[PDB]
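A quick write-up on the structure given underneath.
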Amino acid sequence: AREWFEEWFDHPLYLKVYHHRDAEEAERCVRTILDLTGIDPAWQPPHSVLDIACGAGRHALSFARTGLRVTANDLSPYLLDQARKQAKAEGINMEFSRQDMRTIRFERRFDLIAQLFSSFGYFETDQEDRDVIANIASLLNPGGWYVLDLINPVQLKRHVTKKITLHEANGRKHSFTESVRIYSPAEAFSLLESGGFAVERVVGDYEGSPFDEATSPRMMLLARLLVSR
């Protein structure tokens with residue numbers, strides 16, 4: 001199975017999103033993040049990246065391929081075990097975490113924290129999203145980066161339902177349906193700017209195209225931790 005789909009349902013409207021393995025969306029996203037943030041994978045000791053929602057494990061593995069120290073976090077044990085197998089099969093070293101973003105804790109800190117492919121805003125209230133932002137800020141090294149990949153709301157025409165369904169080889173079904181708090185660009189900026197971050201760029205796609213509110217498919221914000229005396 002190379003193809004997977006996301007489905008967005010509002011009350012009257014509907015949007016389908018197509019994802020193919022051969023598109024290499026994960027690598028192109030990682031390449032854009034590395035280029036725009038200036039993170040050098042060749043640097044020693046290697047910088048540390050936390051993929052706070054690895055999903056199947058495609059983009060976290062893409063980070064790890066460049067030589068970065070990658071920790072992958074997801075609530076689904078199946079999706080984590082999928083990422084172990086792929087990393088094991090490619091001889092790639094990765095750490096794995098199964099923590100909720102509202103209470104996620106680590107002993108170490110990170111240089112980059114990546115929340116990619118519309119994995120933000122699943123919670124009951126808006127306050128829980130501000131808590132997660134504050135949590136991510138406390139896990140970053142000084143000058144650390146936070147990359148937030150949100151859908152651009154124009155592409156859906158405050159809560160929409162996002163539905164994903166996966167099938168194992170034998171046919172076993174895995175259902176991933178969520179509520180998604182939909183943030184305008186202003187709201188996404190206000191969320192990060194008042195969370196301790198400074199937004200450095202916004203891009204409209206995984207190739208780095210400029211974000212246009214009225215036309216872009218993606219709203220990927222790349223933010224950097226403000227300085228503290």
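Following the order of the structure tokens, first chain is A, next is B, and so on, with residues numbered from 1 inside each chain and ligands from 1 in the order they appear.
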List as a Markdown table every residue of region 79-175 of chain A that is in contact with region 213-229 of chain A, defined as an atom at most 12 Å from one of its atoms (using only C-alpha atoms), together with the nearest atom pair and the distance in Å rounded to one decimal, sorted by chain and then rising number.
```
| residue | atom | partner | partner_atom | distance |
| --- | --- | --- | --- | --- |
| A:110 | CA | A:225 | CA | 11.5 |
| A:111 | CA | A:224 | CA | 9.8 |
| A:112 | CA | A:224 | CA | 9.2 |
| A:113 | CA | A:223 | CA | 10.1 |
| A:114 | CA | A:222 | CA | 9.4 |
| A:115 | CA | A:220 | CA | 9.7 |
| A:116 | CA | A:220 | CA | 8.4 |
| A:117 | CA | A:218 | CA | 9.2 |
| A:118 | CA | A:218 | CA | 9.3 |
| A:119 | CA | A:220 | CA | 12.0 |
| A:120 | CA | A:220 | CA | 11.7 |
| A:133 | CA | A:225 | CA | 11.3 |
| A:134 | CA | A:225 | CA | 11.0 |
| A:136 | CA | A:225 | CA | 10.0 |
| A:137 | CA | A:225 | CA | 7.1 |
| A:138 | CA | A:225 | CA | 9.6 |
| A:139 | CA | A:225 | CA | 10.6 |
| A:140 | CA | A:225 | CA | 7.7 |
| A:141 | CA | A:225 | CA | 8.4 |
| A:142 | CA | A:225 | CA | 6.7 |
| A:143 | CA | A:225 | CA | 5.0 |
| A:144 | CA | A:225 | CA | 5.4 |
| A:145 | CA | A:224 | CA | 4.5 |
| A:146 | CA | A:223 | CA | 5.2 |
| A:147 | CA | A:222 | CA | 4.6 |
| A:148 | CA | A:221 | CA | 5.2 |
| A:149 | CA | A:220 | CA | 4.2 |
| A:150 | CA | A:219 | CA | 5.1 |
| A:151 | CA | A:218 | CA | 4.9 |
| A:152 | CA | A:218 | CA | 4.9 |
| A:153 | CA | A:213 | CA | 8.2 |
| A:154 | CA | A:214 | CA | 6.1 |
| A:155 | CA | A:217 | CA | 6.1 |
| A:156 | CA | A:217 | CA | 9.5 |
| A:157 | CA | A:214 | CA | 10.9 |
```
Counting only C-alpha atoms, which residues of region 50-166 of chain A sit at most 7 Å from some atom of region 179-187 of chain A, and what is each one's closest atom pair with its distance in Å to one decimal, listed by chain and rising residue number, as a Markdown table?
```
| residue | atom | partner | partner_atom | distance |
| --- | --- | --- | --- | --- |
| A:121 | CA | A:181 | CA | 4.9 |
| A:122 | CA | A:180 | CA | 5.1 |
| A:153 | CA | A:184 | CA | 6.8 |
| A:158 | CA | A:182 | CA | 5.5 |
| A:159 | CA | A:181 | CA | 4.7 |
| A:160 | CA | A:180 | CA | 5.3 |
| A:161 | CA | A:179 | CA | 4.6 |
| A:162 | CA | A:179 | CA | 6.3 |
```
Who sits within 12 Å of residue 97 (chain A), only C-alpha atoms, same chain under 2 positions skipped, as a list in words: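 Those residues are residues 50, 51, 52, 53, 54, 55, 70, 71, 72, 73, 74, 75, 76, 77, 79, 80, 81, 83, 84, 94, 95, 99, 100, 101, 104, 105 and 106 of chain A.
A straight line drawn from CA of residue 177 (chain A) to CA of residue 212 (chain A) is 28.2 Å long.
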Enumerate as a ChimeraX atom specification all residues of region 54-171 of chain A assigned to helix (DSSP H, G or I) by DSSP on the backbone, naming them with the chain letters and numbers the document uses. /A:58-65,77-89,126-138,153-156
Pick the closest to residue 66 (chain A) from A:85, A:11, A:31, A:21: which is it, counting only C-alpha atoms?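 Distance minimum relative to residue 66 (chain A) lands on A:31.
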Just want the 10 Å neighbourhood of residue 40 (chain A), counted on only C-alpha atoms, with same-chain residues fewer than 5 positions away dropped. Output as a PDB file with C-alpha atoms, in the first residue's frame.
```
ATOM      1  CA  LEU A  34      17.003  22.105   6.939  1.00  0.00           C
ATOM      2  CA  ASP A  35      17.622  24.781   4.296  1.00  0.00           C
ATOM      3  CA  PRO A  46      24.910  15.932  15.761  1.00  0.00           C
ATOM      4  CA  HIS A  47      21.973  18.160  16.590  1.00  0.00           C
ATOM      5  CA  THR A  66      20.990  13.162   7.205  1.00  0.00           C
ATOM      6  CA  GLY A  67      22.850  12.177  10.399  1.00  0.00           C
ATOM      7  CA  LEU A  68      20.787  14.066  12.991  1.00  0.00           C
TER       8      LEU A  68
END
```
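Closest approach to residue 203 (chain A) from the set A:56, A:33, A:82, A:168 is made by A:33, with distances taken over only C-alpha atoms.
Residue nearest residue 18 (chain A), chosen from A:199, A:3, A:57, A:32 and counting only C-alpha atoms: A:3.
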Which value, in Å to one decimal, gives the distance between CA of residue 132 (chain A) and CA of residue 195 (chain A)?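 If I compute the distance from CA of residue 132 (chain A) to CA of residue 195 (chain A), I get 9.5 Å.
Residues with any atom within 8 Å of region 24-26 of chain A, counting only C-alpha atoms and excluding same-chain neighbours fewer than 3 positions away, are residues 20, 21, 29, 30, 58, 59, 62 and 206 of chain A.
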